[PDB]
């Protein structure tokens, strides 16, 4: 341990590291840190106003910060050895410029919102018939996110396939708790799974994104097997632990705020505003979005050299009191500036409409059912240690 902070801050539960607020209030708008996993130098931004400037500046490149050899917070590269790890660009190069936005945008959500809301209701109606303590993680979030992944993303996976992909995601998308080789092997297993099965999965009936990608028109040649497999890996890493982690976290927020839930029960028209406040208030990533300077530049007076990587903690910015009065209060009626739960600028979450859809269905399922409560104190919830995307092991609950 030295005088420069190592990153990340080990805040694996919903309790955000106090270090973020300390850095926000310091005199440095951009703070040098060192990656615990690699020893690489990095910059860290925690103020909302600085983050807006960073994430809207085209001279900072997200893709450059994903390339092999970039200074990085993650201990192992987020790609199988020998692969590009460049899924969005490979789809763009094949001529599939829009298929991601097409399969996740408003028209796609209109196709899926019915069964998603019906399934949220079916799952919660089943819990309403249960005795004693039930687990919202295993018996609500798991089946709902599994259906999302199968029906909207990958196709009809078997339970063995789903468990394999979920294990790969949890093992690879981690700062600690597993060996280096275990993490590299997780990325290899996932890629080889999609080299073997992506064509078959894209051919199963439905409208899942993997099928849309495999069946889409292309400029020049047919989409390569490597590219389709890279698409499968992207959909897993971007859609699976994010959705499962966020839905678990959002449930915990709701259970810890019964007054807010009672309000949503009385005023269902307020549910969309509650979804937005959950995206601000509920922490998800334990790391940061990041961008590489493509040329020497200045941000809030701090000189960044070409090739250096600047991180923004979305959690830190979402809890910035310069942007959100009483930032650590869950306040669905809040009328603050735009939150950072989906990022900002060019790379704003392309799945944001689908995520909002599933979050809303979950909030409505809870709000319609008075009496749901956490069965244990929030400090007794057990958290998976080191995941990029926070997730509790279980959410014990009763009526």
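Throughout, rigid core stands for the largest set of C-alpha atoms superposing within 1.5 Å between the two forms. Positions refer to the first chain, counted from 1.
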### Stretch with larger C-alpha RMS deviation in 4 other deposited structures of this protein, core superposed, 324 to 332 versus 198 to 206
198 to 206
#### Entry: Other entries lacking residue 217, at least a third
yes
### Task
Averaging the C-alpha B factors as listed in the entry, name the stretch that ends up higher: 263 to 271 or 281 to 289.
263 to 271
### Task
With reference to the PDB entry, specify whether the mean Cα temperature factor is higher for 378 to 386 or for 6 to 14.
378 to 386
### Query
Looking at 343, 32, 351, 333, which has the highest Cα B-factor in the entry?
333
### Query
Which is it among 156, 86, 315, 326: the one with the largest CA B-factor in the entry?
156
### Message
Quick check for you: using the entry's CA B-factors within this chain, is residue 98 in the lowest, middle or highest third?
### Response
highest
### Third of chain Cα B-factors occupied by residue 59
highest
### Query
Can you tell me which third, lowest, middle or highest, the CA B-factor of residue 238 falls into for its chain?
lowest
### Query
Against its chain's modelled residues, does residue 319's Cα B factor rank lowest, middle or highest third?
lowest
### Task
Report the third (lowest, middle or highest) to which the CA temperature factor of residue 207 belongs, ranking only the modelled residues of the same chain.
highest
